[PDB]
Structure formats: structure tokens, C-alpha cells
Amino acid sequence: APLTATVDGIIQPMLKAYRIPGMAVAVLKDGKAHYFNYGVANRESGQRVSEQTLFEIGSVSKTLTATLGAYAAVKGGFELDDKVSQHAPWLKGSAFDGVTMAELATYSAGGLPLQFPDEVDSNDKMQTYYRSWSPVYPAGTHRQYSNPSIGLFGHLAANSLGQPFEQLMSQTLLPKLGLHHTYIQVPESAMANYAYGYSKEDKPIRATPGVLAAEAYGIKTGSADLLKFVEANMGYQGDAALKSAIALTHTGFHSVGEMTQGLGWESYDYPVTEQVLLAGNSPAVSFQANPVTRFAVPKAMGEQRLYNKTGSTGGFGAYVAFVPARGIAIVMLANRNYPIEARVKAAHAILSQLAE
Ligand SMILES: *[B]([O])([O])[C]([N]C(=O)[C]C1=[C][C]=[C]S1)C1=[C]C(C([O])=O)=[C][C]=[C]1
Ligand SMILES: [Zn+2]
Ligand SMILES: [Zn+2]
Ligand SMILES: [Zn+2]
Ligand SMILES: [Zn+2]
Ligand SMILES: [Zn+2]
């Protein structure tokens, strides 16, 4: 069917059902970007959503952090199989003597939690927290989705090149990817484009600052820049190091059921059913530890995959999925944190129609 009717017919009922004030949708098909914009960025002002509206993308940020980490590895800052304490002198002698950088990146260090404990909320206390942490599971055996885990990976990866994370992201990675309207901290000059998010009580909210927030869930961007990053994941040509870095993000390290964990990106064998894609993105996988299917060696996952990432903040809900072999992708950025199941069902419906 026609593209506008396909997208509208799936997105509009969902926006009504979940009272989502605004959504920017971007689709890749036939080598071209297409933008579908709904509703408002700011309920009070009535500013309309466009592909230039800045949304909080939450944990979709982890795909950019993972790309930065891979870039630092390609540039020689570390090897993925290095022990974490080789790259954090303050962790020498801790449990991180027995955890690799790859395990940190892929949530398999041994039971680091979803969030930092409440008062682990300064750099000093963060260091003490990791230095004193007692593993729950042997390294590499269990996947427990974790902000502290990938957060530390990003932080250490940037330090391995001698820079803070925010500097390496903003001055090197984003410009090299051609993302010039993507930010960790939205500058005053771009504030007019920044949406508000909406809480369950319909109050306007924005992201909460926090330890390793930048690395784990801190990016603000619009659908056009985010789709440009997806395009770089479909086939990128340019900086050899950045090309290699993106390839590393498509390497699989272990699996949990039908989901294979990469750096940032999670993927599925394609074609993939709605049921499987939902399950891989459900709480049984995202909010509890699971034993992994170990890989003999990390594997390039290739083009016949659906790669995806969910992300949220208090006021925002994002999802991205792409299928390189079919030249199709979707970005959906909303200013309500609405259920992941709805995001996945809508994206799967649209992608299925894009592949006919
Ligand atoms: B990520 O998976 O979206 C990540 N995001 C955050 O920690 C930022 C949020 C602040 C309030 C709601 S999300 C994350 C999200 C969740 C979650 O949705 O319960 C859990 C762990 C990490
Ligand atoms: Zn178009
Ligand atoms: Zn405190
Ligand atoms: Zn940091
Ligand atoms: Zn540090
Ligand atoms: Zn720039």
C-alpha cells in the first residue's frame, strides 16, 4: 500500500489510544528518508512536531554510546576482551579485574543492576560503588540490562582516548556521523526546538540529571538526525575507523532466546514475528537477569537481521528498528513514555508493510 496511508493508519490510532501529544516518525525506504509528523511538541504553546523537533531518546542513546566505545577500541584505546581494570586504575584489585570491556558493554559483568542505588549519585560515590561491588553471577554468564554497566563502558572508553565522554561524543563522534542537531546538553540556541515530555498526570517534564546519564540515556535529537545515524548503520562510507566501529556494533556477543546482544543494538534473525520481537523487548528480558547462550567467539551478525533499540525517559518514549538486507528502517520519537509493546507492535506493522 501507499506509504502515508500505511504510517498514518498505524500511528494515529495509537497516538489517540495512549494520549500521546506528539510523535515524529521517520522511515527509510528505497534509499530515501520520509517524515511523518503528528501533534505537538509543547501542549501549552501548541508548537507542532517536525523532524527537527528534539525529543529525549532515553536508552536509544546506548547505541551512540556503543558506537563511541567501538570507535575508541578501533583507535587503540582498548581491546574488547581487556579486563575493565586495565582501563580504570581505580578498579585494580576489584571484581573488575575479572570482567571484560565487552561484558560491561553487553550487560554481562555479573549482575550490575538496572539503576545505580539511590545515593550512588556523585563521581566519588560511583567509584566507591564499583570498587566495592560484589558480583552476583560469574562474568559472562548472565545478561542483566543495566545503566551502570554500559554507562561505565562508555565512560571508560572515552577516557581511553584521553577525553571526557561528552567531549568525545560532541566533538568527534556526532560530527563524524554528520549529526549536527544531536546533543547531550541542549544549547540555548536549540532550546526552541526542544519538546516537553508529559507525565502520567499530563505535566510537562524533562530529563533528570544523574551519574552516567549522558552515557546511558542522555541524548536529545530529532527524527531526521536519528534516521541519519540509522542510515550509517545500513551502509556507511567514509572514515575507515568509524566504518569499523559501526561494524563492531553489529557483532553479537551472546543471546537470550531469539535476541542477540550487540554493542548497543539488540538483533533478531529476519524475518522476525511480532511475538518474538515483543518477547525480546518484554520485562522478562529487560528487567530480570537471564542466563545467556554463550558464543564461542563474538560473531558478525550481518545484514539479514532486524536490529533495534527501545528507550525512554520520564516524559518520552522512543523506538528504532532497521533491517539492512531490505533497506528499511523506522524511527518513532514521542513525548510520552507509553508502553514498549505498543511501540514494537506499531513498528513491526509498518516494517512488514515496507517489505511487501
Ligand atoms: B532505557 O532502557 O530507556 C533506560 N532509561 C532510563 O533509565 C531513563 C528513564 C527515566 C525514567 C523512566 S526511563 C531504562 C529504563 C527503564 C525503564 O523503562 O523502567 C529501566 C532501566 C533503564
Ligand atoms: Zn517521502
Ligand atoms: Zn545524594
Ligand atoms: Zn562520564
Ligand atoms: Zn572516570
Ligand atoms: Zn557540527
Side-chain angles (χ1 to χ4, degrees), residues 55-66 84-85 87-91 96 104 107 112-116 122-131 143-184 187 189-190 197-200 205-221 225 228 264-266 280-283 285-289 308-320 333-341 343:
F55 292 88
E56 298 172 6
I57 72 175
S59 298
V60 178
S61 300
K62 289 178 176 67
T63 65
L64 286 161
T65 300
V84 170
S85 60
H87 302 288
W90 52 277
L91 287 176
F96 290 95
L104 202 59
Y107 326 109
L112 284 166
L114 285 162
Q115 307 292 349
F116 283 110
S122 65
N123 179 74
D124 285 348
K125 285 193 272 175
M126 185 201 79
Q127 288 198 353
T128 294
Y129 168 73
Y130 288 119
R131 279 170 58 87
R143 180 188 183 275
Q144 181 141 42
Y145 185 75
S146 170
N147 285 335
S149 192
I150 191 167
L152 183 62
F153 172 77
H155 182 89
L156 293 181
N159 181 74
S160 76
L161 302 191
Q163 294 193 352
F165 180 82
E166 178 155 10
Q167 180 188 359
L168 187 61
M169 184 61 79
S170 68
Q171 304 311 307
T172 296
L173 197 77
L174 296 175
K176 284 179 190 291
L177 284 163
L179 314 183
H180 302 282
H181 296 72
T182 295
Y183 316 96
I184 289 166
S189 59
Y198 290 90
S199 70
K200 47 179 181 62
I205 54 170
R206 284 174 172 160
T208 306
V211 170
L212 306 182
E215 287 87 342
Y217 47 84
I219 293 282
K220 279 62 72 162
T221 190
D225 263 21
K228 184 168 180 176
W265 300 111
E266 297 168 26
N281 285 295
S282 70
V285 174
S286 64
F287 299 148
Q288 63 175 33
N308 80 166
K309 189 69 188 80
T310 55
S312 313
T313 59
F316 291 84
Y319 184 64
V320 177
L333 304 184
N335 64 352
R336 180 179 302 282
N337 179 357
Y338 69 103
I340 282 173
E341 28 274 286
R343 313 182 198 173

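Read the numbers this way: they start at 1 and go in the same order the structure lists the ligands and their atoms. Values below: every heavy atom of this structure, side chains too, minus hydrogens, waters and symmetry copies. For this chain, numbers begin at 1 and follow the sequence in order.
Residues with a heavy atom under 4.0 Å from ligand 1: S59, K62, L114, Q115, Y145, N147, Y217, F287, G311, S312, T313, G314.
A salt bridge links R143 to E266: at least one charged side-chain nitrogen sits closer than 4.0 Å to a carboxylate oxygen.
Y145 and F287 have their aromatic ring centers separated by at least 6.0 angstrom.
For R206, the CZ atom counts as densely surrounded, since its 6.0 Å shell holds more than 12 non-hydrogen atoms of other residues, nucleotides or ligands.
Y319 and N308 are linked by a side-chain donor-acceptor pair at a separation below 3.5 angstrom, with hydrogens and angles left out of the test.
For the pair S85 (side chain) and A88 (backbone), a donor-acceptor distance under 3.5 Å is absent.
The atom of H180 nearest to the Zn ion (ligand 6) is ND1, with the search restricted to N, O or S atoms.
In this pair, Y130 and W90 present their aromatic rings tilted. The plane angle is within the 30 to 60° band.
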